[PDB]
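Structure file entry-v2.pdb; described as PDB, C-alpha atoms.
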```pdb
ATOM      1  CA  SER A   1     107.563 117.262  97.320
ATOM      2  CA  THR A   2     105.028 114.472  97.069
ATOM      3  CA  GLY A   3     102.767 112.951  94.424
ATOM      4  CA  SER A   4      99.530 110.946  94.657
ATOM      5  CA  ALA A   5      97.716 109.290  91.756
ATOM      6  CA  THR A   6      94.821 106.886  91.456
ATOM      7  CA  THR A   7      95.485 103.598  89.694
ATOM      8  CA  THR A   8      92.581 101.792  88.044
ATOM      9  CA  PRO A   9      92.124  98.189  86.887
ATOM     10  CA  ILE A  10      91.987  97.893  83.099
ATOM     11  CA  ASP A  11      89.288  95.219  83.172
ATOM     12  CA  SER A  12      87.016  93.180  85.422
ATOM     13  CA  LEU A  13      89.824  90.713  86.298
ATOM     14  CA  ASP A  14      92.431  93.262  87.420
ATOM     15  CA  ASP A  15      94.737  92.034  84.631
ATOM     16  CA  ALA A  16      96.694  95.249  85.063
ATOM     17  CA  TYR A  17      96.344  98.779  86.444
ATOM     18  CA  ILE A  18      96.661 102.129  84.661
ATOM     19  CA  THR A  19      97.689 105.421  86.187
ATOM     20  CA  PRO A  20      97.355 108.796  84.431
ATOM     21  CA  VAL A  21     100.681 110.496  83.666
ATOM     22  CA  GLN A  22     101.210 114.010  82.316
ATOM     23  CA  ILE A  23     103.960 114.265  79.668
ATOM     24  CA  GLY A  24     105.161 117.407  77.971
ATOM     25  CA  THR A  25     104.037 121.014  77.607
ATOM     26  CA  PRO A  26     101.113 121.455  77.261
ATOM     27  CA  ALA A  27     100.396 118.250  79.152
ATOM     28  CA  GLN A  28      99.608 115.127  77.198
ATOM     29  CA  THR A  29      97.949 112.655  79.572
ATOM     30  CA  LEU A  30      98.672 108.995  78.947
ATOM     31  CA  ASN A  31      97.501 106.051  81.020
ATOM     32  CA  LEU A  32     100.582 104.053  81.960
ATOM     33  CA  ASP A  33     101.163 100.671  83.568
ATOM     34  CA  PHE A  34     103.328 101.313  86.643
ATOM     35  CA  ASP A  35     105.724  98.384  86.744
ATOM     36  CA  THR A  36     108.001  97.754  89.729
ATOM     37  CA  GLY A  37     109.503  94.893  87.697
ATOM     38  CA  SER A  38     111.091  97.030  84.963
ATOM     39  CA  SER A  39     112.846 100.342  84.583
ATOM     40  CA  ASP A  40     111.828 101.934  81.285
ATOM     41  CA  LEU A  41     109.216 104.651  80.880
ATOM     42  CA  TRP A  42     107.969 104.081  77.329
ATOM     43  CA  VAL A  43     104.910 105.292  75.482
ATOM     44  CA  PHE A  44     102.900 104.772  72.358
ATOM     45  CA  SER A  45     103.728 107.770  70.209
ATOM     46  CA  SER A  46     103.428 109.565  66.923
ATOM     47  CA  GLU A  47     106.440 107.451  65.907
ATOM     48  CA  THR A  48     104.787 104.098  66.550
ATOM     49  CA  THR A  49     104.198 101.955  63.447
ATOM     50  CA  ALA A  50     100.617 102.911  62.544
ATOM     51  CA  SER A  51      99.443  99.301  62.107
ATOM     52  CA  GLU A  52     100.580  98.568  65.702
ATOM     53  CA  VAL A  53      98.411 101.299  67.240
ATOM     54  CA  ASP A  54      94.800 100.327  67.981
ATOM     55  CA  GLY A  55      93.050 102.761  70.305
ATOM     56  CA  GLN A  56      95.922 103.893  72.498
ATOM     57  CA  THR A  57      96.569 107.524  73.303
ATOM     58  CA  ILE A  58      99.877 108.591  71.806
ATOM     59  CA  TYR A  59     102.579 110.988  72.899
ATOM     60  CA  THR A  60     103.455 113.464  70.153
ATOM     61  CA  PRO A  61     106.806 115.059  71.041
ATOM     62  CA  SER A  62     106.594 117.630  68.247
ATOM     63  CA  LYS A  63     103.609 119.174  70.102
ATOM     64  CA  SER A  64     105.569 119.524  73.329
ATOM     65  CA  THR A  65     107.610 122.677  73.733
ATOM     66  CA  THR A  66     109.772 120.990  76.392
ATOM     67  CA  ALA A  67     110.504 117.785  74.432
ATOM     68  CA  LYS A  68     114.078 117.304  73.245
ATOM     69  CA  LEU A  69     115.416 114.370  71.223
ATOM     70  CA  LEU A  70     118.034 112.489  73.226
ATOM     71  CA  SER A  71     120.356 112.236  70.272
ATOM     72  CA  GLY A  72     121.588 108.742  69.414
ATOM     73  CA  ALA A  73     119.696 106.974  72.179
ATOM     74  CA  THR A  74     117.649 103.871  71.467
ATOM     75  CA  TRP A  75     115.873 101.322  73.618
ATOM     76  CA  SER A  76     114.582  97.811  73.272
ATOM     77  CA  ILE A  77     112.931  95.681  75.912
ATOM     78  CA  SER A  78     111.493  92.191  76.318
ATOM     79  CA  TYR A  79     109.232  91.268  79.210
ATOM     80  CA  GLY A  80     108.691  88.033  81.130
ATOM     81  CA  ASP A  81     105.451  87.354  79.265
ATOM     82  CA  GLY A  82     107.263  87.497  75.924
ATOM     83  CA  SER A  83     106.001  90.908  74.878
ATOM     84  CA  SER A  84     108.385  93.590  73.633
ATOM     85  CA  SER A  85     108.824  97.137  72.379
ATOM     86  CA  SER A  86     111.581  99.431  71.084
ATOM     87  CA  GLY A  87     112.259 102.892  69.718
ATOM     88  CA  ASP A  88     114.099 106.145  70.392
ATOM     89  CA  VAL A  89     114.204 108.619  73.281
ATOM     90  CA  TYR A  90     113.149 112.139  74.203
ATOM     91  CA  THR A  91     113.580 114.012  77.419
ATOM     92  CA  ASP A  92     110.507 115.896  78.633
ATOM     93  CA  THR A  93     108.605 117.025  81.697
ATOM     94  CA  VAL A  94     106.695 114.195  83.366
ATOM     95  CA  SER A  95     104.270 114.602  86.235
ATOM     96  CA  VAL A  96     102.545 111.949  88.320
ATOM     97  CA  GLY A  97      99.814 112.969  90.726
ATOM     98  CA  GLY A  98     101.230 116.478  91.127
ATOM     99  CA  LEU A  99     104.893 115.419  91.332
ATOM    100  CA  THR A 100     106.963 116.799  88.475
ATOM    101  CA  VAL A 101     110.280 115.605  87.032
ATOM    102  CA  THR A 102     112.022 117.706  84.397
ATOM    103  CA  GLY A 103     114.389 116.004  81.948
ATOM    104  CA  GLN A 104     112.789 112.571  82.301
ATOM    105  CA  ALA A 105     113.710 110.063  79.613
ATOM    106  CA  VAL A 106     110.515 109.322  77.703
ATOM    107  CA  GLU A 107     111.092 106.314  75.502
ATOM    108  CA  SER A 108     109.112 106.656  72.296
ATOM    109  CA  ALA A 109     107.955 103.384  70.770
ATOM    110  CA  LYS A 110     108.633 102.789  67.094
ATOM    111  CA  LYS A 111     107.575  99.142  67.449
ATOM    112  CA  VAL A 112     105.417  97.230  69.915
ATOM    113  CA  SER A 113     104.507  93.547  69.985
ATOM    114  CA  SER A 114     100.998  92.299  69.383
ATOM    115  CA  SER A 115      99.957  92.056  73.031
ATOM    116  CA  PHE A 116     100.543  95.779  73.474
ATOM    117  CA  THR A 117      98.657  96.643  70.277
ATOM    118  CA  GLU A 118      95.740  94.464  71.345
ATOM    119  CA  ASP A 119      95.443  96.221  74.689
ATOM    120  CA  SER A 120      93.880  99.586  73.884
ATOM    121  CA  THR A 121      93.772 100.621  77.549
ATOM    122  CA  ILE A 122      97.536 100.741  78.161
ATOM    123  CA  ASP A 123      99.394 103.677  76.564
ATOM    124  CA  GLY A 124     102.795 102.632  77.869
ATOM    125  CA  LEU A 125     104.746 101.536  80.935
ATOM    126  CA  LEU A 126     106.379 103.491  83.757
ATOM    127  CA  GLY A 127     109.149 101.405  85.292
ATOM    128  CA  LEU A 128     109.836 101.550  89.021
ATOM    129  CA  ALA A 129     112.496  98.875  89.449
ATOM    130  CA  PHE A 130     116.128  99.937  89.810
ATOM    131  CA  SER A 131     117.665 102.070  87.068
ATOM    132  CA  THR A 132     120.366  99.477  86.442
ATOM    133  CA  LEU A 133     117.763  97.574  84.364
ATOM    134  CA  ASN A 134     116.997 100.545  82.118
ATOM    135  CA  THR A 135     117.526  99.532  78.491
ATOM    136  CA  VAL A 136     118.485 102.880  76.940
ATOM    137  CA  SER A 137     121.704 102.751  74.935
ATOM    138  CA  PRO A 138     124.410 104.011  74.800
ATOM    139  CA  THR A 139     123.611 106.096  77.894
ATOM    140  CA  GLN A 140     121.446 104.322  80.439
ATOM    141  CA  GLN A 141     118.651 106.458  81.869
ATOM    142  CA  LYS A 142     117.080 106.880  85.297
ATOM    143  CA  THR A 143     113.553 105.940  86.286
ATOM    144  CA  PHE A 144     110.966 108.523  87.252
ATOM    145  CA  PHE A 145     111.407 107.576  90.929
ATOM    146  CA  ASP A 146     115.185 107.794  90.705
ATOM    147  CA  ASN A 147     114.928 111.281  89.191
ATOM    148  CA  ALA A 148     112.347 112.433  91.747
ATOM    149  CA  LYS A 149     114.031 110.899  94.804
ATOM    150  CA  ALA A 150     116.124 113.800  96.037
ATOM    151  CA  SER A 151     113.130 116.165  95.820
ATOM    152  CA  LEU A 152     110.792 113.868  97.728
ATOM    153  CA  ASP A 153     109.913 114.476 101.380
ATOM    154  CA  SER A 154     110.946 110.852 101.933
ATOM    155  CA  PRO A 155     112.664 108.602  99.346
ATOM    156  CA  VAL A 156     109.757 106.175  99.050
ATOM    157  CA  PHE A 157     106.775 105.291  96.928
ATOM    158  CA  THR A 158     103.834 103.122  97.970
ATOM    159  CA  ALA A 159     101.541 100.801  96.043
ATOM    160  CA  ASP A 160      97.983 100.335  97.266
ATOM    161  CA  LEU A 161      96.294  98.241  94.589
ATOM    162  CA  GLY A 162      92.570  97.602  94.708
ATOM    163  CA  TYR A 163      90.694  94.341  94.319
ATOM    164  CA  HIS A 164      88.224  94.982  91.502
ATOM    165  CA  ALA A 165      88.551  98.639  92.463
ATOM    166  CA  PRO A 166      90.803 101.674  92.125
ATOM    167  CA  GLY A 167      93.825 102.168  94.356
ATOM    168  CA  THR A 168      96.687 104.585  94.798
ATOM    169  CA  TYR A 169     100.359 105.173  94.052
ATOM    170  CA  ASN A 170     101.950 107.705  96.415
ATOM    171  CA  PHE A 171     105.399 109.227  96.045
ATOM    172  CA  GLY A 172     107.340 110.725  98.895
ATOM    173  CA  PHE A 173     105.129 109.910 101.875
ATOM    174  CA  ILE A 174     103.445 107.086 103.731
ATOM    175  CA  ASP A 175      99.696 107.536 104.148
ATOM    176  CA  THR A 176      99.133 106.198 107.656
ATOM    177  CA  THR A 177      95.350 106.124 107.053
ATOM    178  CA  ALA A 178      95.731 103.654 104.172
ATOM    179  CA  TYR A 179      96.577 100.535 106.195
ATOM    180  CA  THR A 180      95.757  98.738 109.414
ATOM    181  CA  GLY A 181      98.187  97.656 112.098
ATOM    182  CA  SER A 182     101.882  98.266 111.507
ATOM    183  CA  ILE A 183     104.135  98.057 108.472
ATOM    184  CA  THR A 184     106.647  95.200 108.544
ATOM    185  CA  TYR A 185     109.854  95.995 106.728
ATOM    186  CA  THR A 186     112.035  93.345 105.153
ATOM    187  CA  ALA A 187     115.414  93.340 103.401
ATOM    188  CA  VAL A 188     115.861  93.909  99.664
ATOM    189  CA  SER A 189     118.538  92.673  97.276
ATOM    190  CA  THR A 190     119.140  94.964  94.303
ATOM    191  CA  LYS A 191     121.673  92.580  92.723
ATOM    192  CA  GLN A 192     119.256  91.628  89.917
ATOM    193  CA  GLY A 193     117.799  95.150  89.616
ATOM    194  CA  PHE A 194     114.494  94.127  91.182
ATOM    195  CA  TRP A 195     112.700  94.741  94.457
ATOM    196  CA  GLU A 196     113.837  91.277  95.513
ATOM    197  CA  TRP A 197     113.041  90.011  99.009
ATOM    198  CA  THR A 198     112.538  86.794 100.958
ATOM    199  CA  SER A 199     109.145  85.739 102.223
ATOM    200  CA  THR A 200     109.242  83.735 105.453
ATOM    201  CA  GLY A 201     106.636  81.168 104.413
ATOM    202  CA  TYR A 202     103.003  80.452 103.620
ATOM    203  CA  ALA A 203      99.705  78.922 104.656
ATOM    204  CA  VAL A 204      96.781  77.581 102.616
ATOM    205  CA  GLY A 205      93.381  78.574 103.918
ATOM    206  CA  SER A 206      93.059  77.865 107.632
ATOM    207  CA  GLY A 207      96.042  75.506 107.517
ATOM    208  CA  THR A 208      99.182  75.757 109.606
ATOM    209  CA  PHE A 209     101.902  78.148 108.572
ATOM    210  CA  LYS A 210     104.891  76.599 106.831
ATOM    211  CA  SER A 211     108.129  78.374 107.651
ATOM    212  CA  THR A 212     110.284  78.403 104.561
ATOM    213  CA  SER A 213     112.307  81.029 102.715
ATOM    214  CA  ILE A 214     110.832  82.087  99.372
ATOM    215  CA  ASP A 215     112.997  84.525  97.390
ATOM    216  CA  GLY A 216     110.962  86.648  94.989
ATOM    217  CA  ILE A 217     110.250  90.057  93.511
ATOM    218  CA  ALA A 218     107.564  92.586  94.251
ATOM    219  CA  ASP A 219     106.262  93.218  90.741
ATOM    220  CA  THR A 220     103.225  95.441  90.129
ATOM    221  CA  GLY A 221     103.553  94.723  86.411
ATOM    222  CA  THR A 222     102.804  91.013  86.760
ATOM    223  CA  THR A 223      99.164  89.992  87.198
ATOM    224  CA  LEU A 224      99.486  86.750  89.118
ATOM    225  CA  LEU A 225     101.400  85.176  92.017
ATOM    226  CA  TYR A 226     104.158  82.836  90.797
ATOM    227  CA  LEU A 227     105.648  80.541  93.435
ATOM    228  CA  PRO A 228     107.610  77.260  93.647
ATOM    229  CA  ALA A 229     105.797  74.215  92.273
ATOM    230  CA  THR A 230     105.699  72.620  95.750
ATOM    231  CA  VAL A 231     103.833  75.609  97.213
ATOM    232  CA  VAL A 232     101.452  75.914  94.268
ATOM    233  CA  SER A 233     100.654  72.177  94.335
ATOM    234  CA  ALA A 234      99.882  72.419  98.065
ATOM    235  CA  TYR A 235      97.456  75.273  97.387
ATOM    236  CA  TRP A 236      95.548  73.711  94.502
ATOM    237  CA  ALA A 237      95.302  70.331  96.236
ATOM    238  CA  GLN A 238      92.773  72.019  98.542
ATOM    239  CA  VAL A 239      90.459  72.817  95.596
ATOM    240  CA  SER A 240      88.355  69.894  94.417
ATOM    241  CA  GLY A 241      88.874  69.293  90.709
ATOM    242  CA  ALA A 242      91.812  71.656  90.313
ATOM    243  CA  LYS A 243      94.535  70.534  87.948
ATOM    244  CA  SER A 244      97.529  71.780  86.033
ATOM    245  CA  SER A 245      96.729  71.968  82.325
ATOM    246  CA  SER A 246      99.564  72.174  79.797
ATOM    247  CA  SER A 247      97.044  73.024  77.066
ATOM    248  CA  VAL A 248      95.749  76.019  79.007
ATOM    249  CA  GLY A 249      99.146  76.879  80.466
ATOM    250  CA  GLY A 250      98.718  76.479  84.200
ATOM    251  CA  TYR A 251      96.407  75.537  87.027
ATOM    252  CA  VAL A 252      92.677  75.611  86.286
ATOM    253  CA  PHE A 253      89.781  74.872  88.603
ATOM    254  CA  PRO A 254      86.020  74.348  88.451
ATOM    255  CA  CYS A 255      84.305  77.745  88.307
ATOM    256  CA  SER A 256      81.860  76.334  90.879
ATOM    257  CA  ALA A 257      84.639  76.138  93.519
ATOM    258  CA  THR A 258      85.061  78.306  96.582
ATOM    259  CA  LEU A 259      88.768  79.099  96.727
ATOM    260  CA  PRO A 260      90.737  79.046  99.996
ATOM    261  CA  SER A 261      92.815  82.038 101.055
ATOM    262  CA  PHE A 262      96.611  82.080 100.741
ATOM    263  CA  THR A 263      98.824  83.603 103.410
ATOM    264  CA  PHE A 264     102.422  84.719 102.841
ATOM    265  CA  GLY A 265     104.950  85.702 105.468
ATOM    266  CA  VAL A 266     106.776  89.004 105.807
ATOM    267  CA  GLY A 267     109.149  88.450 108.695
ATOM    268  CA  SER A 268     106.928  87.561 111.659
ATOM    269  CA  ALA A 269     103.920  89.264 110.008
ATOM    270  CA  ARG A 270     101.343  87.644 107.700
ATOM    271  CA  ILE A 271      99.497  88.911 104.630
ATOM    272  CA  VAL A 272      96.255  87.130 103.746
ATOM    273  CA  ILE A 273      95.134  86.899 100.125
ATOM    274  CA  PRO A 274      91.387  86.167 100.097
ATOM    275  CA  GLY A 275      90.314  83.247  97.935
ATOM    276  CA  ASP A 276      88.320  85.534  95.608
ATOM    277  CA  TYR A 277      91.560  87.321  94.657
ATOM    278  CA  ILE A 278      92.850  84.050  93.186
ATOM    279  CA  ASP A 279      89.927  83.632  90.723
ATOM    280  CA  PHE A 280      90.721  84.859  87.174
ATOM    281  CA  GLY A 281      87.550  83.577  85.626
ATOM    282  CA  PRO A 282      86.639  81.320  82.723
ATOM    283  CA  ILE A 283      89.584  80.243  80.554
ATOM    284  CA  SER A 284      87.428  81.181  77.566
ATOM    285  CA  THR A 285      84.059  82.892  77.347
ATOM    286  CA  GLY A 286      81.357  80.652  78.770
ATOM    287  CA  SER A 287      83.710  77.928  79.996
ATOM    288  CA  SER A 288      83.172  76.297  83.381
ATOM    289  CA  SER A 289      86.941  75.894  83.811
ATOM    290  CA  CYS A 290      88.436  78.911  85.564
ATOM    291  CA  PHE A 291      92.047  80.121  85.584
ATOM    292  CA  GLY A 292      93.971  80.215  88.847
ATOM    293  CA  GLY A 293      95.694  83.289  90.237
ATOM    294  CA  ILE A 294      98.487  81.272  91.864
ATOM    295  CA  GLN A 295     100.779  79.595  89.341
ATOM    296  CA  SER A 296     104.141  77.831  89.315
ATOM    297  CA  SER A 297     107.300  79.873  88.813
ATOM    298  CA  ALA A 298     109.119  76.761  87.565
ATOM    299  CA  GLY A 299     110.823  77.737  84.339
ATOM    300  CA  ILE A 300     110.530  81.491  85.049
ATOM    301  CA  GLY A 301     113.697  81.326  87.086
ATOM    302  CA  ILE A 302     112.337  83.638  89.775
ATOM    303  CA  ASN A 303     109.319  83.798  92.085
ATOM    304  CA  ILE A 304     107.011  86.761  91.437
ATOM    305  CA  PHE A 305     104.813  88.506  93.974
ATOM    306  CA  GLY A 306     102.570  90.087  91.366
ATOM    307  CA  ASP A 307      99.275  91.941  91.752
ATOM    308  CA  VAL A 308      97.396  88.974  93.281
ATOM    309  CA  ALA A 309      99.723  89.226  96.262
ATOM    310  CA  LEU A 310     100.431  92.946  96.319
ATOM    311  CA  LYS A 311      96.760  94.040  96.133
ATOM    312  CA  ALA A 312      96.204  92.268  99.488
ATOM    313  CA  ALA A 313      98.652  94.700 101.119
ATOM    314  CA  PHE A 314      99.790  98.246 101.485
ATOM    315  CA  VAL A 315     103.334  98.072 100.084
ATOM    316  CA  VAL A 316     106.174 100.504 100.789
ATOM    317  CA  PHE A 317     109.011 100.658  98.269
ATOM    318  CA  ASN A 318     111.736 102.286 100.363
ATOM    319  CA  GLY A 319     114.429 103.793  98.151
ATOM    320  CA  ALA A 320     116.763 104.884 100.923
ATOM    321  CA  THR A 321     120.505 104.248 100.515
ATOM    322  CA  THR A 322     119.786 100.714 101.732
ATOM    323  CA  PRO A 323     116.465  99.888 100.089
ATOM    324  CA  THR A 324     113.794  97.865 101.893
ATOM    325  CA  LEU A 325     110.202  96.719 101.331
ATOM    326  CA  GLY A 326     107.352  97.255 103.781
ATOM    327  CA  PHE A 327     104.063  95.339 103.921
ATOM    328  CA  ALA A 328     100.973  96.122 105.958
ATOM    329  CA  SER A 329      97.472  94.663 105.973
ATOM    330  CA  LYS A 330      94.668  96.995 104.916
TER
END
```

For this file, write the structure as structure tokens.
Amino acid sequence: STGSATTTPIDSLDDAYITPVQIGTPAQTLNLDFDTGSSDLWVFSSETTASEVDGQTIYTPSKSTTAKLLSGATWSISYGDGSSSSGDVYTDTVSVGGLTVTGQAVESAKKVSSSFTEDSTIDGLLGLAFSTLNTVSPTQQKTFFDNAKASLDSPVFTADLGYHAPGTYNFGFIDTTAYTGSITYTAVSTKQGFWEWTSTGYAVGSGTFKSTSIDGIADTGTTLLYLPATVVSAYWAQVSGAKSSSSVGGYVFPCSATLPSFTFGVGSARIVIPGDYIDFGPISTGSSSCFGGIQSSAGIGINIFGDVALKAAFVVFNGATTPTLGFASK
């Protein structure tokens, strides 16, 4: 089997991407944030504290003839940005782009933190990291990909995120029309539960490539590119007027600037992030100070190849017995 679904930016900055997911019988379609940095599939639901729902589409398990309470199971998760959610668990039929999993753990939110409430466009998350990070207790549950894997033509999914445009998540096949050149594959460590890999270096604009190992995770659920402070300083030093602002919470730059590209290494191959991808617009409405799309990972404890980086590539998440990551230009 295979699946193929379009993923769509939630706003004009590509702050996140939503992908329609069918849950239950008859189908209830919710727009979920596919997140290769976590491993819970959770949804706004009929169980969510009413005051914490503001415009989201909810899953109502009582209206699904295939929903079954997973008795005793609870979940609770906290994300890198400080947001959180928790609740109980049902199993139900879940389909993504024509690919169907029966008995998928659907984690029903009883509580969500403010940032989820305030984002009316995201109805939940669908985790695509390794199932070892799944938070369901006392019986840990498998991700959608993990459940689908054996049925797939090939044990892979691909992320093809758009810049200010829709893109695609494919399951079970590699669309050879979706990228240029060849795919360069690179080793993955699953020891932390993430799609963790080592970039071979970077360049700033038309500058020379710096060979240096940068360990990080491929995380579709993180908006920006978080890298060591040395790397980030080297980038923003090429932008006149750019500075790190503690009050704003990172690097800002004059909105009148033309940003240089940023290149990152995948083995001997190179992925180029155009400068425009690194612009996240005025820090507040009408401001002439703009927020940068490359930020320091110092104090995160890990480097994060988020959407800024991933949307510049066609990315293969290879879930074979020995997982790997593939990157191609597009």

TODO: Record the distance separating atom CA of residue A:135 and atom CA of residue A:185, expressed in Å with one decimal.
DONE: 29.5 Å

Open item on the list: Using only C-alpha atoms for the distances, tell me which of A:44, A:179, A:145, A:291 is nearest to residue A:243.
Closed with: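 Of all the options, A:291 lies closest to residue A:243.
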
TODO: For atom CA of residue A:19 and atom CA of residue A:3, quote the distance in Å rounded to one decimal.
DONE: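 According to the coordinates, atom CA of residue A:19 and atom CA of residue A:3 are separated by 12.3 Å.
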
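Minimum atom-to-atom distance to residue A:315, evaluated using only C-alpha atoms, belongs to A:174 out of A:174, A:11, A:231, A:202.
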
- [ ] Check what the PyMOL selection byres ((chain A and resi 131) around 7) selects in the file above and give those residues as an MDAnalysis selection string.
- [x] chainID A and resid 39 129:130 132:134 141:143

Task: Sphere at (112.7, 93.4, 101.6), radius 7 Å, counting all atoms listed in the file: residues as a PyMOL selection string - done: chain A and resi 185-188+196-198+324-326

Task: Selection: 10 Å around residue A:215, all atoms listed in the file, excl. self and same-chain fewer than 4 positions, as a PyMOL selection string - done: chain A and resi 189+196-200+227-228+302-305

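Put simply, atom CA of residue A:12 is 15.9 Å away from atom CA of residue A:255.
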
Task: Nearest residue to residue A:171 from the set A:31, A:289, A:38, A:2 (distances using all atoms listed in the file) - done: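 Answer, going by the shortest atom-to-atom distance: A:2.
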
- [ ] Taking (91.4, 74.0, 84.2) in the file's own coordinates, collect the residues within 12 Å, counting only C-alpha atoms, and hand them back as a VMD selection string.
- [x] chain A and resid 236 239 to 257 279 to 284 287 to 293

Exercise: stretch 65-79 of chain A partners within 8 Å, only C-alpha atoms, chain neighbours under 2 positions left out, as a PDB file with C-alpha atoms, in the coordinates of the input:
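Output saved as part35.pdb:
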```
ATOM      1  CA  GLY A  24     105.161 117.407  77.971  1.00  0.00           C
ATOM      2  CA  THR A  25     104.037 121.014  77.607  1.00  0.00           C
ATOM      3  CA  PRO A  26     101.113 121.455  77.261  1.00  0.00           C
ATOM      4  CA  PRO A  61     106.806 115.059  71.041  1.00  0.00           C
ATOM      5  CA  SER A  62     106.594 117.630  68.247  1.00  0.00           C
ATOM      6  CA  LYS A  63     103.609 119.174  70.102  1.00  0.00           C
ATOM      7  CA  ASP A  81     105.451  87.354  79.265  1.00  0.00           C
ATOM      8  CA  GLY A  82     107.263  87.497  75.924  1.00  0.00           C
ATOM      9  CA  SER A  83     106.001  90.908  74.878  1.00  0.00           C
ATOM     10  CA  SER A  84     108.385  93.590  73.633  1.00  0.00           C
ATOM     11  CA  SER A  85     108.824  97.137  72.379  1.00  0.00           C
ATOM     12  CA  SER A  86     111.581  99.431  71.084  1.00  0.00           C
ATOM     13  CA  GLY A  87     112.259 102.892  69.718  1.00  0.00           C
ATOM     14  CA  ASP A  88     114.099 106.145  70.392  1.00  0.00           C
ATOM     15  CA  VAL A  89     114.204 108.619  73.281  1.00  0.00           C
ATOM     16  CA  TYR A  90     113.149 112.139  74.203  1.00  0.00           C
ATOM     17  CA  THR A  91     113.580 114.012  77.419  1.00  0.00           C
ATOM     18  CA  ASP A  92     110.507 115.896  78.633  1.00  0.00           C
ATOM     19  CA  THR A  93     108.605 117.025  81.697  1.00  0.00           C
ATOM     20  CA  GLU A 107     111.092 106.314  75.502  1.00  0.00           C
ATOM     21  CA  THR A 135     117.526  99.532  78.491  1.00  0.00           C
ATOM     22  CA  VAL A 136     118.485 102.880  76.940  1.00  0.00           C
ATOM     23  CA  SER A 137     121.704 102.751  74.935  1.00  0.00           C
ATOM     24  CA  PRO A 138     124.410 104.011  74.800  1.00  0.00           C
ATOM     25  CA  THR A 139     123.611 106.096  77.894  1.00  0.00           C
TER      26      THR A 139
END
```

Box dimensions and centre (Å, one decimal) enclosing stretch 202-218 of chain A, axis-aligned, 8 Å extra per side, as AutoDock Vina command-line options:
```
--center_x 103.0 --center_y 84.0 --center_z 101.6 --size_x 35.9 --size_y 33.1 --size_z 32.1
```

Open item on the list: Running the PyMOL selection byres ((chain A and resi 9) around 12) on this model by hand, what would come out? Give it as a ChimeraX atom specification.
Closed with: /A:6-8,10-19,31-34,121-122,161-168,220-221,223,307,311

Open item on the list: Counting all atoms listed in the file, which residue out of A:261, A:29, A:120, A:297 sits closest to residue A:54?
Closed with: A:120
